[PDB]
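Written below as structure tokens is the structure these notes are about.
What follows is calculated from the coordinates using simple rules that are stated; it is not laboratory data. We place every Cβ from the backbone using ideal geometry, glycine too, and count neighbours over all the protein chains shown.
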């Protein structure tokens, strides 16, 4: 939209329906410049590794990534307690993801 | 509110009164005006069913840390709490209240 208008609101809550629970979590993030905008070949030689079992070859990218693959990223301790004390099972169904209020310094 | 605990009502569930109808024994062959005092020894048995619908007030707390909950103790014991003994005697090992969840004042 514009410089002076927020592009999203803070949504962080849990909604408990009959057979469904909807968890929403919002966090503030910071993203630096990685590898000074470069791709770099990496290996156990570059990191000083010696053992065969820990040898590797790969690349480090200037990109970051968002990870929310831990349960506490979505469930508060009270919500987790409710889930574990009141249900025989659970599974994820669908996902909604948002990035907003971008600020570059 | 009843001082021993519970719900006070001007019109509570009505008293349900039951009695075995007296069955006189053999009366004398000559009329006697006195009330009969010789009856057949009797008793009755049967089944009784009561169904009560309860309305629930769900909790909508925003508390972050887990609540206190009533729970059985996993530690080994000779008998299971709220179960029968080896002689078939059912027992209630402790009084259980209702106030474990929390809310602000």
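General remarks:
- The modelled label-to-label distance between residue B:21 and residue B:94, using points 7 Å beyond Cα along the C-beta direction, is 5.2 nm.
- With neighbour counts taken as other beta-carbon atoms within 10 Å, the residues B:9, B:4 rank, fewest first, as B:4, B:9.
- Inter-probe distance in nm under a simple model that places probes 7 Å from Cα toward Cβ, at residue A:99 and residue B:10: 6.6
- Inverse mean reciprocal Cα-Cα distance (Kirkwood Rh) of the protein assembly as shown, Å: 27.6
- Unit Cα scatterers, Debye sum, chain B: log10 I(q)/I(0) for q = 0.13, 0.18 Å⁻¹: -0.96, -1.22
- Cα-derived Rg to Rh of the range A:49-104, Kirkwood definition: 1.17
- Using the Stokes-Einstein relation with a Kirkwood hydrodynamic radius computed over Cα pairs, the translational diffusion coefficient of the range A:16-78 at 10 °C and a viscosity of 1.306 mPa s comes to 100 µm²/s.
- Cα gyration tensor shape of chain A, rounded if a/c is under 1.5, else prolate or oblate by comparing a/b with b/c: oblate
- Helix axis angle, A:77-86 relative to chain A longest principal axis, alpha carbon, degrees: 60
- Shielding by other protein chains, B:63-72, mean Cβ within 10 Å: 3
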